[PDB]
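> Sharing a structure with you now.
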Amino acid sequence: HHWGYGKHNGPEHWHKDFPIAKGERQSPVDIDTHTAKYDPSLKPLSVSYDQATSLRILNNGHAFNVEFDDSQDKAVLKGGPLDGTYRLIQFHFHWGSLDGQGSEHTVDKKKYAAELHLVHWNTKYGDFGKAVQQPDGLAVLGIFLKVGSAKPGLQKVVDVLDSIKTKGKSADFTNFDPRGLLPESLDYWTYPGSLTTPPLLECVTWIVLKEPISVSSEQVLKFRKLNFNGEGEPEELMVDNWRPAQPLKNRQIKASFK
Ligand SMILES: N=C(N)NC(=N)NCc1ccc(S(N)(=O)=O)cc1
Ligand SMILES: [Zn+2]
């Protein structure tokens, strides 16, 4: 009876195994655009993904992760609110059963169809596992997805999903360029938060881009053909794998723009 996104094991239950679920800096949050504070101390984001080395794509029963070689500074995030270098380890998405829901963060209470999370860890901590134990261990770049025109840089991801339909399946996924998932603008909001899944550790500097990317209906429909279940188990579509907005508490979200 492990955590997930059903009625019996979903977000409202997580606190029983992970009491930090009711902590002081949980994610995601609603971003009130009028109450976000423009912060002139914030720097432009530096996204350096030209040397990224994707390796594999995995259905882990919650989402699918596209994994990167994070043994060197090949794909790094710097600048913005950050004071170190953060290596890309994986990206994944959260999405809905319908286009009207799926994002984790919200903007003036609006839900997007999905949200991309590019997960990076602060190199001074040596490994991801050590970084998640630190208040500045991770930087997650969040990008909203809306349904409209196709995202050509997503299609390579979409097309491999049939090979990792069920929990525990992986497929080699080399030479994927994550630059093809970015919007035009790197304007962002930032705040201190948490992992949005168990163990819900309060280790993340969130950087949420203002400008969404557009994906096609057909692209997101392929996400919704994935399964939470393993092969040879009853089919449960992998949909609505998002945590809803959590209390802001003693935080003000900062804007890089205005
Ligand atoms: N490196 C990993 N595979 N990360 C992992 N253990 N899962 C940990 C993890 C990483 C990121 C997020 S999120 N949704 O806050 O971006 C949740 C959980
Ligand atoms: Zn995520």
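> Under 6 Å between Cβ atoms, which residue pairs at least 6 apart in sequence (or on different chains) link something in the stretch 172-197 that is farther than 17 Å from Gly79 by Cα and of a type in the set (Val, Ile, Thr) with a partner that is within 16 Å of ligand 2 (Cβ to nearest atom) and part of a loop (DSSP other than H, G, I, E, B)?
Pairs found: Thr196/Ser27; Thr196/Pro28; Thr196/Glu104; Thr196/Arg243.
> May I pose another question? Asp50 passes all but one of (1) closer than 30 Å to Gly153 by Cβ; (2) buried (at least 16 other Cβ atoms within 10 Å of the Cβ); (3) not hydroxyl-bearing (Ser, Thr, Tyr); which number fails?
All conditions are met except number (2).
> So, in the stretch 196-234, exactly how many residues are among the hydrophobic types (A, V, I, L, M, F, W, C) and part of a strand (DSSP E or B)?
Number of matching residues: 7.
> Looking at the stretch 80-96, I want the residues that are of a type in the set (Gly, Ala, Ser) and have a partner that is more than 9 Å from ligand 1 (Cβ to nearest atom) and assigned to a strand (DSSP E or B) with Cβ atoms under 6 Å, at least 6 apart or on another chain. Which pairs are those?
Going by the 6 Å Cβ cut-off, the qualifying pairs are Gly80/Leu45; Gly80/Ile207; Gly84/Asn122.
> Now for a different question. Pairs only if they're at least six apart or on different chains, beta carbon under 6 angstrom, first in the stretch 5-30 and without any contact (Cβ under 8 Å) to a residue 24 or more places away in the chain, second in a helix (DSSP H, G or I) and of a type in the set (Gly, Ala, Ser); list them, first residue then second.
Between residues of the stretch 5-30 that are without any contact (Cβ under 8 Å) to a residue 24 or more places away in the chain and residues that are in a helix (DSSP H, G or I) and of a type in the set (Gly, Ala, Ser), the close pairs are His15/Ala21.
> Can you pull out the residues in the stretch 83-107 that are assigned to a loop (DSSP other than H, G, I, E, B) and within 12 Å of ligand 1 (Cβ to nearest atom)?
Selection gives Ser103, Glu104, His105.
> Which residues, counting only those in the stretch 223-250, are over 21 Å from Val157 (Cβ atoms) and under 18 Å from the mean Cα position of the chain (by Cα)?
Within the stretch 223-250, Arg243, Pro244, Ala245, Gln246 meet the criteria.
> If you go through the stretch 50-82 one residue at a time, how many are of a type in the set (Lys, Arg) and within 12 Å of ligand 1 (Cβ to nearest atom)?
So the count comes out to 1.
> Can you name the residue in the stretch 1-14 that is over 16 Å from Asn229 (Cβ atoms) and surrounded by 15 or more Cβ atoms within 10 Å (Cβ to Cβ) and, of all such residues, is farthest from the chain's Cα centre (by Cα)?
For the stretch 1-14, the residue satisfying everything is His13.
> When the stretch 26-42 is examined, which residues are found to be closer than 15 Å to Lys249 by Cβ and in contact with a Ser or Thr (Cβ under 6 Å, 6 or more places away or on another chain)?
The answer is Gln26, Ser27, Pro28, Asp30.
> Check whether at least one residue in the stretch 235-254 is within 16 Å of ligand 2 (Cβ to nearest atom), part of a loop (DSSP other than H, G, I, E, B) and within 21 Å of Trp121 (Cβ to Cβ), and report yes or no.
Yes, that holds for at least one residue.
> Looking at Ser97, is it over 17 Å from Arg224 (Cβ atoms), surrounded by fewer than 18 Cβ atoms within 10 Å (Cβ to Cβ) and of a type in the set (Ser, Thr, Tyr)?
Spelling it out, it is not the case that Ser97 is over 17 Å from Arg224 (Cβ atoms), surrounded by fewer than 18 Cβ atoms within 10 Å (Cβ to Cβ) and of a type in the set (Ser, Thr, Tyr).
When we count neighbours, we look across all protein chains shown, and the Cβ atoms used for this are built from the backbone with ideal geometry, even at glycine. Every number here is computed from the coordinates shown, using simple stated rules; none is lab data.
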